[PDB]
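Read through the structure below, which is laid out as structure tokens, and then see the notes.
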Ligand SMILES: NC(=O)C1=CN([C@@H]2O[C@H](COP(=O)(O)OP(=O)(O)OC[C@H]3O[C@@H](n4cnc5c(N)ncnc54)[C@H](O)[C@@H]3O)[C@@H](O)[C@H]2O)C=CC1
Ligand SMILES: Cc1cc2nc3c(=O)[nH]c(=O)nc-3n(C[C@H](O)[C@H](O)[C@H](O)COP(=O)(O)O)c2cc1C
Ligand code: SF4
Ligand code: SF4
Ligand code: SF4
Ligand code: SF4
Ligand code: SF4
Ligand code: FES
Ligand code: FES
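Residue numbers (the deposited numbering), protein chains in the order written: chain A, 4 to 229; chain B, 4 to 442; chain C, 684 to 908; chain D, 11 to 166; chain E, 61 to 180.
Laid out in structure tokens, this is it:
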């Protein structure tokens, strides 16, 4: 398949969506709800690009790159001004209720939400009203729970139920009061519950064992091991 | 008002004492004749083409062609499990037509579902009815029992070998459940989040099977089409939208109510000749044509025919065609605050712009209501209207949410500007740190 | 037969444009203070003669570097685990220059013969209890069961019994019964296993006091303590 | 603890007969438990999940999604006043204030004797006869603040 | 709060600390050491501090006989008051609950609404 991103030609797989095709090409599109192993659901609305009908089209429309096939002869723009404004607005809407928590948050320096907030260029707060707040749950000895930091991207429930076939994690409530966790306090029963700390793009689900002796990612000495 | 079967196909069987019409009285008034004709003398594809060239459109509010929607079911013979769903949710503020249809004429809906399920080859049918319509549920269950005892429902209907079972699924109170894919999710026993399209429910809907979702009023328009023919339905009115529509006016008018009118009836004709105009001492200020999710229109738009195309080019939507009148004593900021509070709390929470941008508009409108607005609030509301439009959110709940806000800002900007009193302050002073004073 | 372990990773002389592979990020902090309480003189960088990695930030961790051993994923603007997108050939696929690790053997051209040693069916002998292995993700592995965070996640020690066998022995759920293996009379509480076949005792393999070699063994004088 | 009664369980299986997937009876199972006991208690989630063969997290997600499935204890009678746009034009605020004065409780609360619980609700589909309220199963239209105390006496 | 922003912002790398937590969840440094034989007094750590904990003060008289004594631990750094910023409290802003400050008690925070609440 042939796509044209910002006037540049690219050869991609037509069976892929535009988000994974553009990320495979090295282009940067902000995203939350999509994961490579979980598929596309189009929830967070972060991955907006401007799609044009043809080469001689200047109006276009905003589409979700994760929900749009990377079909042959597809004309899109990432750096379009309206697309950039909408992506910044999505980050801003996520920022309205987000707690002032980065210094005391185990995700800091390793946080996809921090990276996408910086990537969209959103650094000025004009929202002045109250932030919604949630109580936390005890999830056992491995996973720490902090629902204030949730951006309702649904990655956790999609991984835990649709991928890992777990039964004791879910989404509750409605509108801006959606809650992600167990129906009651208790240990997460899945043998693969620990992947939530990397699946969750925020600091809702964090490594409790690491949190005991916490340090930031830049301070780590890493090695590839088995 | 005189009601004839030829001019009022949906409401001519309505009794004067507002009592429901049961099977004997319905069948005495040409009931199930269209069902008999469709099930005996017509192929399912013939009925689908009959509805398609009759020009029947979706009465849920979008006006999509019903025959075209029926044609999109797969031609695969191995897909023998099919569902017809009747969207009896009707949760739009300002909409009360389906309650009238199912409370007093339940057999009309039952017959329309029978004809549609024969045309769609749907082995099962479900009436997705809201939980607050208690009398509609009682009357629909009684009508289903009466039709089952007389052979209109069940196995071997009319001796034709067609098996059709009709259920009534009572809802648990969310406005998003009326969205058709969210309706399917709710019918499956899940949280009523909508689904992305394509695939449309015609190919993979309820439990992955071919599914067709239709409004109560569309299925009620079906039997008169099948009984009187296509030619009668085309010559009801000389408008691009064929047939009759339940239209009304509500809200501080002399006669708030609901009347069956041809398409192309002007909104002024409904307001004065049917609703009696505004009440004494009240002056007309604005109106919404088709429910809470439509743009406001002014007095200059009252001389416009109630069609999809005419209201669409006026900057609004025809919607449910149940208009609401707003008098001069109603503050527009408080009205849009009420509307946005409804829309924000009825968010399903799936997607960011609606779930986290409708409450921001609610808070801004609440601040504007008590004169606590700050500069940049109206620009924020306009940006929210632009960025919650079609294609930006996952479903059409939020574009409908921001239609009245943008129309009220367009037409009544002086009321929104009057709430801006305080200067903008997002920060407090921190002792020891000199602030960066932006110009 | 182990000749393929040479190509599992390149030797210690491997370089990316002359430089080693960094073990720590470029913003690694506290270099002149993390050991300052022991001595204010900063020690020599630990030398790695064994591998191509260096015990410092002075190395390469570019996503476009021609290697297969990636110590951690980081790209500018991508500090989260999403930087693995930058380290892959396509997103969700393989690492850009191949996944590490090689297979020791290929599929052989010819197969084996059919195994004709079909066992006889299980028969419950009186007074002998066949040990059925029960494994636990938290507890059966030796080193991981030594981890302190696993003790809360570890199940309590137990013995699984069929309802018919427990009724024959006159024990209920929770009653402590004792058995002798290799001259070690140990006592465990009984829990009832519906799906276990009669004539078997379910034991948690790999736990403290229950070796994994007990799987398939037999038990004598298993009675209530 | 919680135990499903024989009538509740039988009604739940009868509703399970109506669909090709027993998960589709979750809303009506919660409504059956709520109709019998006024609300859905915490053990009812696990009981309905066990009967339906679906996880308890799914049942709780359904129960907390839908506003008319009550996961907190309510009074003997649930007043649901419409706070939508047409009833706002027709003056639901006077009706709400009359309910405040008569019941001495805020919306979302329950009276001290457990007789009434006051709740706002979306449009009841009765906008031409507004303002509207819904006490337990009866809808009352053409409301006036004077008729509210007379309306509240016939619900003991 | 032992967020380690000052240590990474230090161009000399002369700050070393470790996070610890109280029973109520308050983050604090288990230790905090600064190598003042390395420190260039550039003020980047104070600039990077999001709680105004670390502060460069008007005191230059810092000469020492042994270089090992220029390693200042937490007992040589923590003073009895707020220093240059008298009123700022990070934990009044943070959403994380600690002792004396529950969920919904920070600035610009609404009270938590349970998903089981009867209000729509
Ligand atoms: N109580 C009520 O009656 C309410 C009505 N509405 C109305 O709902 C409308 C928006 O609903 P939507 O479903 O989003 O409208 P839509 O325009 O997306 O589609 C309406 C119908 O046409 C079908 N359809 C449309 N394009 C199709 C295609 N290419 N292929 C196959 N099927 C296709 C859909 O499946 C659906 O059944 C608005 O006009 C609004 O006024 C909104 C809220 C409440
Ligand atoms: C948020 C939302 C709510 C809706 N609620 C209803 C409803 O309550 N009843 C209804 O018939 N259609 C409703 N619709 C429209 C449906 O999606 C669908 O178009 C209609 O029910 C069936 O199409 P039809 O008009 O061709 O019969 C809603 C749409 C949206 C976006
Ligand atoms: S989740 Fe990310 S953005 Fe939110 S407080 Fe934690 S580090 Fe900051
Ligand atoms: S808890 Fe994390 S993964 Fe789950 S929806 Fe919230 S931000 Fe996404
Ligand atoms: S616009 Fe988004 S959050 Fe709102 S009701 Fe539709 S899918 Fe749900
Ligand atoms: S003032 Fe000293 S401790 Fe602080 S950043 Fe500069 S060199 Fe490091
Ligand atoms: S002194 Fe400030 S920057 Fe350094 S760890 Fe403590 S709170 Fe963070
Ligand atoms: S990543 Fe595409 S909408 Fe979320
Ligand atoms: S607006 Fe109240 S009943 Fe519709």
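Each residue gets a CB set at the ideal place from its N, CA and C atoms; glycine is no exception.
Problem set entry | Nearest candidate by alpha-carbon position, reference residue 89 of chain E, set E/99, E/75, E/95 and E/97 | Stepping through the fifth chain from its first residue, residue 89 of chain E is reached at position 29. Taking only the C-alpha atoms, the option nearest residue 89 of chain E is E/75.
Exercise. What are the residues that DSSP puts in a beta bridge with residue 144 of chain D?
Worked result: As a first step, residue 144 of chain D is located in the fourth chain; it is residue number 134 there, counting from the start. Beta bridge pairing from DSSP links residue 144 of chain D with D/90 and D/149.
Exercise. With distances taken from CA atoms, which of A/14, A/65 and A/213 is nearest residue 393 of chain B?
Worked result: Position 390 of the second chain, counted from the first residue, corresponds to residue 393 of chain B. Selected option, being the one with the closest Cα: A/65.
Problem set entry | Within the region 770-833 of chain C, ranges of the alpha helix (DSSP H) (whole runs, at least 4 residues) | Whole alpha helix (DSSP H) segments, 4+ residues: 825-828.
Exercise. Under 9 angstroms between the Cβ atoms of residue 44 of chain B and residue 57 of chain B?
Worked result: Along the second chain, read from residue 1 onward, the residue named residue 44 of chain B stands at position 41. Along the second chain, read from residue 1 onward, the residue named residue 57 of chain B stands at position 54. No.
For this session: Kindly confirm or deny that the region 310-327 of chain B and the region 285-296 of chain B touch, where touching means at least three C-beta pairs closer than 8 angstroms.
Result: Verdict: yes, contact present.
Exercise. How many angstroms separate the CA atom of residue 186 of chain B from the CA atom of residue 63 of chain B?
Worked result: Here the question's residue 186 of chain B lines up with position 183 in the second chain. Here the question's residue 63 of chain B lines up with position 60 in the second chain. Our two residues, residue 186 of chain B and residue 63 of chain B, have alpha carbons roughly 13 angstroms apart in a direct line.
Exercise. Where does residue 120 of chain D land, buried or exposed, given buried means 16+ other C-beta within 10 angstroms?
Worked result: In the fourth chain, residue 120 of chain D corresponds to position 110, counting from 1. With 16 or more Cβ atoms within 10 Å of its Cβ, residue 120 of chain D is classed as buried.
Exercise. So is the beta-carbon of residue 285 of chain B under 8 angstroms away from any non-hydrogen atom of ligand 3?
Worked result: Counting from 1 along the second chain, the entry for residue 285 of chain B is found at position 282. It does not: the Cβ of residue 285 of chain B is nowhere closer than 8 angstroms to a heavy atom of ligand 3.
For this session: Provide the residue(s) that pair with residue 129 of chain B in DSSP beta bridges, ordered along the chain.
Result: Position 126 of the second chain, counted from the start, is the residue given in the question as residue 129 of chain B. BP columns for residue 129 of chain B point to B/88 and B/170.
For this session: Would you list the one or two residues that DSSP bridges to residue 761 of chain C?
Result: The residue you call residue 761 of chain C lines up with position 78 of the third chain. Residue 761 of chain C pairs with C/758.
Problem set entry | Against chain D: residues of the region 151-174 of chain A by CB proximity under 7 angstroms | Contact residues of the region 151-174 of chain A toward chain D are 170, 171, 172, 173 and 174 (C-beta to C-beta distance below 7 angstroms).
Exercise. For the alpha helix (DSSP H) that residue 363 of chain B lies in, which residues bound it at each end?
Worked result: In the second chain, the residue the question calls residue 363 of chain B occupies position 360. According to the DSSP assignment, residue 363 of chain B belongs to the alpha helix (DSSP H) that extends over 355-372.
For this session: Ignore the nearest five residues each way along the sequence and tell me which others in residue 415 of chain B's own chain have a CB closer than 7 angstroms to its CB.
Result: Numbered from its first residue, the second chain carries residue 415 of chain B at position 412. Taken in chain order, the residues that qualify are 335.
Exercise. In chain order, what residues of the region 339-358 of chain B put their CB closer than 9 angstroms to some CB of chain A?
Worked result: Within the region 339-358 of chain B, the residues whose Cβ lies closer than 9 angstroms to some Cβ of chain A are 347, 348, 349, 350, 351, 352, 353, 354, 355, 356, 357 and 358, listed in chain order.
Exercise. Using a Cβ-Cβ distance under 9 angstroms, would residue 21 of chain B count as near chain A?
Worked result: The count along the second chain starts at 1 and reaches residue 21 of chain B at position 18. So no, residue 21 of chain B is outside the interface.
For this session: Using DSSP bridges, identify the partner residues of residue 326 of chain B.
Result: Against the second chain, residue 326 of chain B aligns to sequence position 323. Per DSSP, B/252.
Exercise. From the beta carbon of residue 360 of chain B, is the nearest beta carbon of chain E less than 9 angstroms away?
Worked result: To locate residue 360 of chain B, count along the second chain from 1; it is residue 357. It does not: the Cβ of residue 360 of chain B has no partner Cβ on chain E nearer than 9 angstroms.
Problem set entry | Same chain, Cβ closer than 8 angstroms to residue 111 of chain A, five either side skipped, listed in chain order | Mapped onto the first chain, residue 111 of chain A falls at position 108. Hits under 8 angstroms: 105, 117, 206 and 219.
Exercise. By how many angstroms is the C-alpha of residue 84 of chain A removed from the C-alpha of residue 386 of chain B?
Worked result: Walking along the second chain from the start, residue 386 of chain B turns up at place 383. Walking along the first chain from the start, residue 84 of chain A turns up at place 81. Take the alpha-carbon of residue 386 of chain B and the one of residue 84 of chain A: they are about 14 angstroms apart.
Problem set entry | Under 8 angstroms (Cβ pairs) to chain E, residues found in the region 112-134 of chain D | Only those residues of the region 112-134 of chain D whose C-beta falls short of 8 angstroms from the nearest C-beta of chain E are listed: 117, 118, 127, 129, 130, 131 and 132.
Problem set entry | Interface positions of the region 98-112 of chain E facing chain A (Cβ-Cβ less than 8 angstroms), listed along the chain | Closer than 8 angstroms at the C-beta level to chain A, one finds these residues of the region 98-112 of chain E: 110 and 111.
Exercise. Grouping DSSP H, G and I as helix and E and B as strand, with all else coil, what is residue 866 of chain C?
Worked result: Stepping through the third chain from its first residue, residue 866 of chain C is reached at position 183. It is coil, neither helix nor strand.
For this session: Tell me whether residue 409 of chain B counts as near ligand 3, meaning its Cβ is closer than 8 angstroms to at least one heavy atom of that ligand.
Result: Within the second chain, residue 409 of chain B is the residue found at index 406, counting from 1. No.
Exercise. With distances taken from each beta carbon to the nearest heavy atom of ligand 3, which residues come in below 7 angstroms, in chain order?
Worked result: Working through the chain, the matches are A/101, A/102, A/104, A/105, A/108, A/110, A/111, A/114, A/116, A/117, A/120, A/152, A/205 and A/206.
Problem set entry | DSSP three-state assignment for residue 147 of chain B, whether helix, strand or coil | Working through the second chain from its first residue, we reach residue 147 of chain B at position 144. Three-state DSSP puts residue 147 of chain B in a helix.
Exercise. What are the start and end residues of the beta strand (DSSP E) that includes residue 148 of chain A?
Worked result: Sequence index remark: in the first chain, residue 148 of chain A carries index 145 (1-based). The continuous beta strand (DSSP E) containing residue 148 of chain A extends over residues 146-148.
Exercise. In the region 200-248 of chain B, which residue ranges form an unbroken alpha helix (DSSP H) of at least 4 residues, counting only runs that do not cross its ends?
Worked result: When DSSP assignments are scanned along the region 200-248 of chain B, the uninterrupted stretches of alpha helix (DSSP H) that are 4 or more residues long and fall wholly within it turn out to be 219-231 and 233-237.
Exercise. By Cβ distance, which residues of its chain are closer than 8 angstroms to residue 708 of chain C, with the 5 residues on each side in sequence left out?
Worked result: By one-based count along the third chain, residue 708 of chain C stands at place 25. Apart from sequence neighbours up to five positions away, the residues of its chain that approach residue 708 of chain C with a beta-carbon distance below 8 angstroms are 740, 744, 755 and 757, ordered along the chain.
Problem set entry | Interface residues of chain E facing residue 74 of chain D [CB-CB closer than 8 angstroms] | Along the fourth chain, read from residue 1 onward, the residue named residue 74 of chain D stands at position 64. Close partners of residue 74 of chain D in chain E (Cβ separation under 8 angstroms): 175 and 176.
Problem set entry | Residues that residue 144 of chain E contacts on chain B, provided the C-beta gap is smaller than 8 angstroms | Counting from 1 along the fifth chain, the entry for residue 144 of chain E is found at position 84. Chain B residues near residue 144 of chain E: 435.
Exercise. Counting contacts by CB-CB distance shorter than 9 angstroms, is residue 370 of chain B in contact with chain A?
Worked result: As a position in the second chain, residue 370 of chain B is number 367, starting the count at 1. Closer than 9 angstroms: yes.
Exercise. Is residue 206 of chain B closer than 9 angstroms to residue 197 of chain B when the C-beta atoms are compared?
Worked result: Translated into the one-based positions of the second chain, residue 197 of chain B becomes position 194. Translated into the one-based positions of the second chain, residue 206 of chain B becomes position 203. Not in contact: residue 197 of chain B and residue 206 of chain B (Cβ atoms no closer than 9 angstroms).
For this session: For chain E, find out if any of its Cβ atoms is closer than 9 angstroms to the Cβ of residue 133 of chain A; answer yes or no.
Result: Here residue 133 of chain A is taken as the residue at index 130 of the first chain, counted from 1. Yes, contact with chain E.
Exercise. Going by DSSP, what residues sit across from residue 161 of chain E in a beta bridge?
Worked result: Residue mapping note: residue 161 of chain E aligns to position 101 of the fifth chain, counting from 1. Looking at the DSSP assignment, residue 161 of chain E forms a beta bridge with E/158.
Exercise. Of all Cβ atoms in chain A, is any one closer than 9 angstroms to the Cβ of residue 743 of chain C?
Worked result: Here residue 743 of chain C is taken as the residue at index 60 of the third chain, counted from 1. At a cut-off of 9 angstroms, the C-beta of residue 743 of chain C has no neighbouring C-beta in chain A.
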